[PDB]
Each structure stands twice: as C-alpha cells, then as structure tokens.
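What follows is a set of notes on a single structure, which appears directly below.
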Amino acid sequence: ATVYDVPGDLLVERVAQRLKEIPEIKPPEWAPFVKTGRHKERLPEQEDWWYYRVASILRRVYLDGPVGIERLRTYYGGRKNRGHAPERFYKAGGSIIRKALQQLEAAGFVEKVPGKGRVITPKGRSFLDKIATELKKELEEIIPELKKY
Amino acid sequence: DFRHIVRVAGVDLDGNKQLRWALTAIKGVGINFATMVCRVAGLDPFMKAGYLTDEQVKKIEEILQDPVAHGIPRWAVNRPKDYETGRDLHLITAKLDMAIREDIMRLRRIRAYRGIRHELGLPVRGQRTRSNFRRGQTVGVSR
Amino acid sequence: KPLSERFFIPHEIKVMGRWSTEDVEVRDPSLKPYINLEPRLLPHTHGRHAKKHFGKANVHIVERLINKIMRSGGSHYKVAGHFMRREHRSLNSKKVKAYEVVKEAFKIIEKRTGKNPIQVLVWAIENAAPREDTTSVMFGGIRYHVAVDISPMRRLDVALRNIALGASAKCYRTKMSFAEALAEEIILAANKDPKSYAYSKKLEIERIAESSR
Amino acid sequence: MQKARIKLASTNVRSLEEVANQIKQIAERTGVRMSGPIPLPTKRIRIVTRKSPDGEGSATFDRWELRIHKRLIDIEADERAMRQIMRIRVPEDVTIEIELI
Amino acid sequence: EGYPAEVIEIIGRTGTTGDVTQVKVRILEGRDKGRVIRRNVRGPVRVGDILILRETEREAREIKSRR
Amino acid sequence: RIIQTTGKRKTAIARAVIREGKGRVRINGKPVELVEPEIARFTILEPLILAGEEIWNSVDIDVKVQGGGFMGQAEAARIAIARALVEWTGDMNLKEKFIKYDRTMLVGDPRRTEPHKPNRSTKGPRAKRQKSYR
Amino acid sequence: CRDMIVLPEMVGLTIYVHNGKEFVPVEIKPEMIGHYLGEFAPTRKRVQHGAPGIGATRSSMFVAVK
RNA sequence: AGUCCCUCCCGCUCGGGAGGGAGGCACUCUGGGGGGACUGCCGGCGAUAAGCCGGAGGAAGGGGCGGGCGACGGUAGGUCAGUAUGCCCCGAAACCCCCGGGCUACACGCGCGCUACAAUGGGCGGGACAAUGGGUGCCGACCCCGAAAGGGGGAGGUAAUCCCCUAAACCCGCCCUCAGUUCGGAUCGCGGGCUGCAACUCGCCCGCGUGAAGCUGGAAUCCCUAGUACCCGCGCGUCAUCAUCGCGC
Ligand SMILES: [Mg+2]
Ligand SMILES: [Mg+2]
Ligand SMILES: [Mg+2]
Ligand SMILES: [Mg+2]
Ligand SMILES: [Mg+2]
C-alpha cells in the first residue's frame, strides 16, 4: 500500500516517531524561543514540536511534487485574532521551513529541481510507503473492510 | 515532598497550578516569557508547582535576574537598550513601575507633546475624541 | 473516540446505522399520521419540504428534532429568566455539530433507561403537547380572550420546540454539557415530572386556557 | 506548414462571424486543412457607479458593461492562401493579428 | 379527558387577525359518538383530521354567513 | 466494457467510471471507507447499500470531483454513482427503489445561489440595514 | 521646519519654531536629542468648556425653532 | 477515460499505485445555432363565458426564478461646491502661485457598526474542500539571508498559457473545568521596519511587558417567506502607503 491508503494524522504521528533517529534532523539553536507564524499567540506546547513539522513536510512534498518555499507558507498560515477588529488570513514565517527543507535535503529524501522547487527521491518513497504498509497491516483488524485493497 | 505555597522574588505563587501559569502572576513575566525560562532552566512547564524543590528556586531566581546571559535572547526582553546604558535588561515587579514612572517624568520635564497628555490624563497615541473616551459625568440643560 | 467507532461502516438500512424503528408504537390517534418513522438511514433532506403546503408531514422525526436545535436560544423572548443571545458561538448553520450532539444524546438515553431511544422520544413528545389554547376574536366591535382547540400539526411543533428550549437552558453558563442536558430533559418529560420545562409549560398553558372558557 | 495562427477579437458578434466564414471558405476553396474557429472566453469589463450628482436621496446605482468576443484559427501556410487572406478587408471594429509557429 | 373527533368540512377563517378556523367535527367515542357540532381551531387543518377536545359541548358561535 | 456518468451540485462536478472488480470504490484516490465527516460518508453509501451486498461486490467505481465543499461534493458523488449503477445492472426493479427513497438521486438539484442587491450587498439579496427614525 | 531632528550641535542654544501664527522659543537642553523640533511648540489652545446650548439635547431642539 | 512505450515505489508481485511522452476530443469546459411549457391533458367550481382549485407526465408548471426599462404631472424637495448659465457685487482684489497651521480640538446628547460578557468554549499539534475578479508606472513563481515585520537576487507574463491563489467556519488528539478565569484585550513603556520631497501635531506594520469596563441588557424598536434569514472567509473600488466602509463572490 501507499500513503494514499490511510488518514493523514495517523501516518504523520507514526512517521515523526521513526524520524527521531536520523542524525541530520535535529532542532536548531532557537527552537525553544519561537512561535510558528505571525498569526499565533503562544509558543508550541510539546517538546518535540520539530519532528512533527518535518514529518508533515515530507508527506507534503510526496503528494505535491515540485513545491516551493513561498507555497509552503500559504499552507501553514491561519486566521488572526487582532483585537477589536475583524479576523483575517496571514502567511507564516520562513526560517522554520527553510531549515526543514535543507535538513531533508542533506538527509537524502528530497532534492532541488532547478527553477521549479523541490521533489521527492526514490529513497523518500521507500521510506514513506514502508511505514504506510506497516501501519495498515493493523488498521484492517479493527476495520475488516480494508482487507480488499 | 509536596507543598501548597511557594515564593520567588516577592509575589508568592500557587502550588496546584502548572509551573508556566504559576509564574504568570509575577508582574513582569507574561506567558510567553514563562515558557522560555522554564525551558532554559531545565524542567518541564507541566509539573505541579508544589513539586519545586528549593535549589530549583535558586536557579529560577538566578535566571530572572539577568536572563540574557543564560540563553534568553535580547529580542525577547522587558526593555532593550536601556536609556541610561545600552545594556539589555529585564525588570520585575518593584523595579518595573518605577522605570516607567521615570520614563514618564523625563517627558514631563522637557514639556513635550507626549508629556502634557500624560499630565492631563487624555489619550496619547493619536485617537479621536468627539465621540468616545467619555470618562466624565453627564451635563443637563433644562426640563 | 475508539478507532472502531470513529470508523464505522453499516451494512443495514437502519437509523444512523444503529437503531431500528420497526417496533415503536404511537398511542395518540391524533399524532399518528404526522410522526413519520420510515427507514431513512441518514437524517438530512436538504430543505426541500419547506416549499409545499403540508410538506413537513413526510419528514423523519429525527430530522425534525435535529433541525430544532440549530439555533442560538431565546433572542427576543426570555426563557426561564433571561435572554440568551449567544451570537458567533451558536450553532445556527452547523448541522454537523447538531447531528453529533443528538447522537451522543441517544447514546446516553439508551444507557440510563434501556429502551430504543426513539420510543422514549415518542413518549416525550406526547406528554408535552397540549390541546387547548387561547386567542382574541373580535365580534361586532369588540374582542375578548376565548379558548380554542389546537390542530395536531401545531401540537407537534410546539412539543418539539419546548423540548429544545428546555435542554438549551440548563447548559447555559453551567457545568453540565449540552448532550447530557438533552437527556435530563427527555427522561423527565417522558415520566411526567414537574422539574421539567416542556411539561410545566404544557400545564401552565392548559391552566390559563381552561380558566377562561 | 509553420501553422500560422490568427486571432480575431471584436465587440459586435455578428461582424465577426462573417470574416470567420470568409477565412473558412478561402481555406476550403484551395487545398489546405484548418481548425475551425475555437471560441475563447468572453472578457466583459464592468463599471459600477452612483447615480446622483449631489448626496441627497437614497443610493441607487448603475451597471455599465462592455463585452469583447474572441476567436482563434489555426491554418497552414500556402502562398496561394497566405496571400488569399490578405485582401480580406476586415471591418473597422475588428482586430486581426497573424503569426506563425 | 380523551374525546377525539374527526373533521369533515371547513367553514372559514374567524379571528381578530385571521388566526382561527371554524370547522364542523363529528365525535367518535363517548357520550355522543355520532353527533355533529361546530368548533374553532388554531393552526392548520385538512379534512379527515382527528382533533382531541375536552368538553364535547360548546358549539362555537355562528360565523358571518361564512363570508 | 466501461461506462461513465456525471453529476453536478451547485459548482461541483463528478466524473465516474464503472467496471468489473472486487467491490472497491475510490474517490479522488481516497477509499470510501475513510471519509472523516461521517455525515458526508453516509451520504455516498446510500446507493451502494440500497442495492445490496451482492451487486456491491461485482463492480469498481472511481470518481473525481472539484469545487464546492465537503457536503456539496458528497452529493455529486452520490448522483453519479446512482446513475452508473442504474446502467451496469440495467434493470428497473432497482431503478424504482431509487425513486421511493429519494427522487433526486437521478434528477439532481436545479438550485443555485442568487445574486446580491444594493442595500448591504455583502450579506445577501434581501437583508438590509436598520431603519432610523428620530 | 518643525521636522528637524535635534542634534548634539544644537544643545545649549535657543532656537525658534513656527506654531502657525508666531515663533515660539524652545530653549534646547540635553534629553531632547532624538525628539522632533516641532514636538515642543504646541499648536492648539487648551480647551475649557462653557455650557450646552440650544440643540445639545433632544429637549431643546424643536422647543426653540417654533 | 480506454489503448502504447520508458522510469520509480509497496506485502517482493501474481496484483496496486505515481510521473513523464506519443496520440484523442470520449467526459468536464468554453460559445455560436436550434429544441423544450401552451392552462396543452384528465377531475371539480364558476354560466356553458372570463377565469380559479386539485392530479398526472415532466429537468422544470401555472408572469418558469432573479434582474433592466419609472407614463401625464406634482413635490417653490436636493444640487450654481461636476460641467453649461442670466442678474448683482471683487477687478491689482473675493483673481493666480508658494511655505507653515486647521478640517484629526472635547464636561456632553444622538444615528449606524465591530469586539465580547465564555464550555452551543479558549490554547497547542496535525487533516479537508471554493468562486467572482485583477496585473506593463504593474503582477512576482524559484533560490538565498532574518525569530517576525521585511531585505538582496530574479525566470515567466501585453493573458483559458505565467502570477495574485494549498481560504475560514469543519474534523481528530492532548491541556483548562465554571472562575472576573488559560474568559475579555481596551489603555500605556521600550526596541525593530515599509511607503514618502516630508511621519511631532496626524500614517501603517512587528516583538516583550501592564491587563479597564464587561456575568445576557428598563420602557421601546428593526430586518427577513427558500438555496432566502443566520454563521464564516475572499475579490475589486478609493490607493505612493492605510478598510471595522461601498459593490460583488
Ligand atoms: Mg426646487
Ligand atoms: Mg427650497
Ligand atoms: Mg470631517
Ligand atoms: Mg485570551
Ligand atoms: Mg505621526
């Protein structure tokens, strides 16, 4: 099976786990002091908020192909609570994402297609589909209708 | 080992709350500055505040008294570039309101435009006042 | 929450895939031809019935209930005390949240009594629907309050509406939730207890309806 | 060959079809293939304005609108026809542009 | 306490503001069980309905020649 | 052999393809069994449950949708799937049950929004401002 | 030019500004550098209030205009 | 979509999936031309006429639904401060330019709105799906510096091609548990930026800190009949910068 065969959140939770063992992924020097975008109010709460971001970034260039930094900032934006005035949509920062992509490049999972963004490698597809299959081999016990495909 | 009331640099803080909110009470430490110091000190922001042994209180008091030298960066500090010396400082309860008060007196001396508004208790940042800011009491004509 | 219930696939055309309205039995001959109980797996009709006179006769009772909780509360007429204008945090169009609270409501009802939740509901909507009213009829120059009789359809409407408003006032600025306050109302009305709101309103209508015949 | 590409665009709809059929027929009479007039999306420019000079009275508005119909024709290049489409003499409210690929 | 009655014919709209309807019912179980009387109802009514009433003797006042 | 049908529902189009298989059905690549807003998952399983677990196990369908929202594409899927099932099996004692349960499963919905008008013009065609005497 | 930024040259002397109708002296001292020149020459006379008149309230609007 | 090659992934492959490139207008789409609905067909009122009720078959039914087009006249209604214009005053000025101030002043009465008074919720991490429109004095993909506002480079676009443009309410998981609170974010201190010939009077944007009234609203009064009211976001206009507004989706 592939990543098209399970819900997103379960797969991301399971991916972020094995991700903690790649020596290239490691949080920068200003990770404990940063909120993720001008539209938030408080800092992230868990301690491994890094690995979830990175793991959501893999699955995001798997099934999105050539995608660029200024397009991963529209995805990670939200609605702002700006006092006595109505709400409004805003983009996100840049550093937390650029570092993620450079670290995944150094790991060996993505690559810089010139002029058109970044795409995923064969190593990355193996990485992601192995985990997708590992998970689904147990989501069919309690859901006996996936057994077909 | 459990306790009910602890104190760090003046204001005393509850003991049944999480550590990051227990520090909010200290005038001079919001919520986003508390997460930071709890992380830098080396202990969780979710532990019950009553479980704070006292050497850790010593650690926290150290940090709150010159946080720039322990990792707290100088873009997240109560006041940078002190008007008397370019050092970057973070003040708390007693020292705070006095610093603001003298920063107001300084504008009262030279008789600026932003000092006279502070004098007469009016807006300061360019609002309009035909319609709002009615901090007074009604006036009548005839009936 | 458990992944077996989060992912739920039916294999029978029942109500919500859980409960079957094959044995429920309506007592009142008046309200029998208006309380529909056909198979109708999913309760959603996309508002086609509100175009045709007496269209709402053939609409499943569970949908008539779910629609009468998609509202903010009491917005120009106090209910047991105060207004309860709650705008921008009311569920006016959010049918998903409505369907969810009613699902959990039934899951609680089925546990504390032990009957097909729709049988308990169809008991609640008869011990709460009154059949006398009042009006003013002008006659030759003047009017005066007189008593009249309520047709069945309007009985049913008033019944469901009062159940709604009864549950929607104990979840207000109080620790109790909304799905469980929709149960502490049906278990009461279906038992004729005074502590209810739907039943008490029936009694205090019929009183000042009889006292001026 | 080199598949000339002609682009007509005008505001009167009728006075476009006639030059279209001229091109179609000219192509047909001689020996050449052609891709019939491919309609492209209309571009309608819209201008909302108030209605009264002063400011008294209720507020009532206008909706002026101008529509521009386009087409597109693909054709080969034969001087017998490449020339034959030069004496075509378009009307004055039509635009034509020719270019090869 | 329980007397039902089965509408057979509508007569028109009374009411200070067009609210109530006069209608000729037929009782079906109890003291009369067959008599025909005239009553005012609030709400909408078709023919063949089943009202529930509580007296079986009130006989609402005649309407203005039905128009 | 293959069939393919359509369904539109207030700016949402759906293209379906039906053919023999093991009884699975995809939507944009998702398996039908995994659709999160349960009220939108029970909405596209009504044709495939009103036909029985016998016909539902001899076909494969695979639709594609675009436009609208999570509930204006579920209904497009349902219309296309009903119109496909009523041709593969090609009977009429099943087409009948697709008119007693819900007539629109085959005729679709002809309703669209309505333009706005100038008194607020950002709230709707008939909602206005608040009058002010005195 | 009320826009001029006070600088360590001007500390000590006393220059003028133009507050709309007249030139008003501003004896420059330290602790002014950084501020704007026109910041010290106010421009609207402080307001002191008389008494409401015919129209200040709905009780004296039509009972006067006949 | 159905065929044909090549590359790459998974239970190691029988089966399933993702990209390319060759070919085709099947389906969607764009837009020119025709068809379709007429009280036409049955039953009942009314005369047997005008017409009105109910039922079929139908994608649609009884002006099919929503808009454009406002008669003769009146209102001594508004506009001479959009242009045109008669009479009377200015005519070295009440004409024409330039610098600085005001229209942004604040014991107070009122009209229209925005945010809240919390659980029919607040925060943190993940997962979903739009349409109208606009761009050469301009729209900026992609790469790299910055914690954030932003900065240095810079393909492709005179347009169904390139760009604005992976919307929010919605769902799953964890913290809070009925408190002036993890509700509410006015008011103020310090530091970093953008547009501009010029940001004090009086522009907009970011980070840390302080944390006011407010616990559902008296007599009164407003808008709405179906894809309509309510709830949530988006695009043009005005524009060197600034949308709690107008007009559309
Ligand atoms: Mg006039
Ligand atoms: Mg006049
Ligand atoms: Mg003004
Ligand atoms: Mg808050
Ligand atoms: Mg300024």
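Lettering and numbering for the structure tokens are positional, with chains as A, B, ... in the shown order, residues counted from 1 in each chain, and ligands counted from 1 in the shown order.
The residues of chain E lying at most 8 Å from chain C, with only C-alpha atoms taken into account, are residues 4, 14, 15, 16, 39, 40, 41, 42, 43, 44, 45, 49, 50, 51, 52 and 53 of chain E.
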Which residues are near ligand 2 in this structure, taking near to mean any atom at most 12 Å from a ligand atom and counting only C-alpha atoms (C1' of nucleotides) and all ligand atoms? Format them as a ChimeraX atom specification.
/H:75-79
Considering only C-alpha atoms (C1' of nucleotides), return as a ChimeraX atom specification whatever protein or nucleic-acid residues lie within 8 Å of residue 52 of chain G, sequence-local ones (same chain, fewer than 3 positions apart) excluded.
/B:139-141 /G:56 /H:108
Define the interface residues of chain G facing chain H as those within 7 Å, counting only C-alpha atoms (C1' of nucleotides), and report them as a ChimeraX atom specification.
/G:18-20,36,38-39,43,49,56-57
Counting only C-alpha atoms (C1' of nucleotides), which residues from chain A have an atom at most 6 Å from any atom of chain H, and could you show them as a VMD selection string?
chain A and resid 1 8 to 9 44 to 45 75 84 to 85 115
Put those residues in a file: C-alpha atoms, as a compact mmCIF listing (two decimals), in the first residue's frame.
```txt
# COMPACT_ATOMS: atom_id res chain seq x y z
CA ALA A 1 0.00 0.00 0.00
CA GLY A 8 -3.17 11.85 7.27
CA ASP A 9 -2.88 12.39 11.01
CA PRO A 44 4.22 25.31 20.87
CA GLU A 45 3.49 23.12 23.86
CA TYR A 75 -0.39 26.14 3.78
CA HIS A 84 -11.24 44.91 18.32
CA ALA A 85 -11.05 44.37 14.52
CA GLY A 115 13.82 26.54 -11.33
```
